[PDB]
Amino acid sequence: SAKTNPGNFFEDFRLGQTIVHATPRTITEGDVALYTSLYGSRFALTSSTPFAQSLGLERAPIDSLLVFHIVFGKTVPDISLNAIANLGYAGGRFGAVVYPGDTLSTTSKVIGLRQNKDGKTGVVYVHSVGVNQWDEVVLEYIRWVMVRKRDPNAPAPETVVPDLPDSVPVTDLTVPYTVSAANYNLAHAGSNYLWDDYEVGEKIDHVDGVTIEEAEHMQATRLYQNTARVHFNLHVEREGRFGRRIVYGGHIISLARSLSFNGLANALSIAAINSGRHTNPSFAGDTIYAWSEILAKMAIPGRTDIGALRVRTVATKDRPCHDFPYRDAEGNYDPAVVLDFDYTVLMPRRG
């Protein structure tokens, strides 16, 4: 009897099953430095312990997206090892703050199944939950993936598709730090623009472009202990249609967030992920650019020191001539667009 883990194929999933993932992970200062070296994020909250402490935190917290990729990575062996694509995310709520020394474990529950019409693949919806060593939820989200059937002839499960929240409600957001004007260094943060100064509907060109190297995305993907084979195996991928390894979609999210520092410097942390589409594949040699739109501005119940912004950041490769490329082609994404990421940031307010 085979000792190896073939992962799950579509027909292997059962509605309501809970999967306890392997490899709980202690997150350390080594992880923090690697993440910095891979994306260049300049957000002051994660770079400086004294800055984080002036906001009432114990020390600089782990980047929310580093938390996300680690939680996501744990689920890969059991959920997406045999997936064609990730199809979306919803209800991504960040919970307790994560600090160096904390240990995360992940479990996933199947909350939806739908065999595709061609009968060769199916969509599985999972609710994934990451907890720390105290059993506090640090992150929960829903994602859905298109997964291969091992046997095309296997019977279809009954279709169950869950209702998906459009966004994490502002009343569900964790706001784990506190800001006072008397204690917030704008020069250190990197911008004079605060929550009050952003205009709903405004678009922001982040300007910078960064080229992806093979060693770079593989190294981030290994940091996440994410094992999906399209990222790693040139011997196989070279025979595939693209003929090259595919960059982990979350690597693009992390680059876009880093680039967004140019124009969203006071967006100190990500408090929720509302949706995310990896609209086209990204490859080593592609240069990633980003732009953002302020979709909405929302007050935080009970707080006037910090507000929320709902942001769409769109990543493109090798930026084309028309500014702010999106969906010119009647709902169809521009071929240059690789990421459509809709999330909620916290930003200090004027006092």
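The numbering used is simple: start at 1 and walk along the sequence shown.
- Comparing the deposited coordinates for 237-245 and 216-224, the stretch with the larger average C-alpha B-factor is 237-245.
- Mean C-alpha B-factor is higher over 321-329 than over the other stretch, the pair under comparison being 66-74 and 321-329.
- Comparing the C-alpha B-factors of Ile111, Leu104, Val97, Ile204 in the entry, the top value falls on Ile111.
- Taking the deposited Cα B-factors for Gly250, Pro155, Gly130, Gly91, the highest one is held by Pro155.
- Annotation for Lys120: CA B-factor lies in the highest third of the chain's modelled residues.
- In the PDB entry, a CA B factor belonging to the middle third of its chain's modelled residues is recorded for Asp340.
- When the modelled residues of the chain are ordered by their C-alpha B factor, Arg150 lands in the highest third.
- Among all modelled residues in this chain, the alpha-carbon of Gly276 has a temperature factor (C-alpha) in the lowest third.
- Sorting the modelled residues of the chain by their CA temperature factor places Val160 in the highest third.
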